[PDB]
């Protein structure tokens, strides 16, 4: 598939301050490079505040707390198509993909 870094919703090395400027409505999301740590982050606006979920990488899979996917785009598209919460604890759901400012 199309590599992660070419996805319209992959923003690379943007800091948290920029995430808060780019996400506007609940369920707006982007994926970015880690800032204080090296793993990818799925950042999602929920009730006015960004929530930051580290995407775990292991055994050739990517996951949050559920299924393992062979790529991050597949994880994202699954979350969007099922509308399942990213975690049971959070209740956060993806609704729409925020494009990279560039």
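Residue numbers count along the first chain shown, from 1.
- Relative to its counterpart among 1-9 and 92-100, 1-9 has the higher mean temperature factor, C-alpha atoms as listed in the PDB entry.
- Taking only CA atoms, the mean B-factor in the PDB entry is higher for 54-62 than for the other of 54-62 and 25-33.
- Residue 48 sits in the highest third of its chain by CA B factor, as recorded in the PDB entry.
- When all modelled residues of the chain are sorted by CA temperature factor, residue 38 is found within the highest third.
- Ranked against the other modelled residues of its chain, the C-alpha B-factor of residue 17 as given in the entry falls in the highest third.
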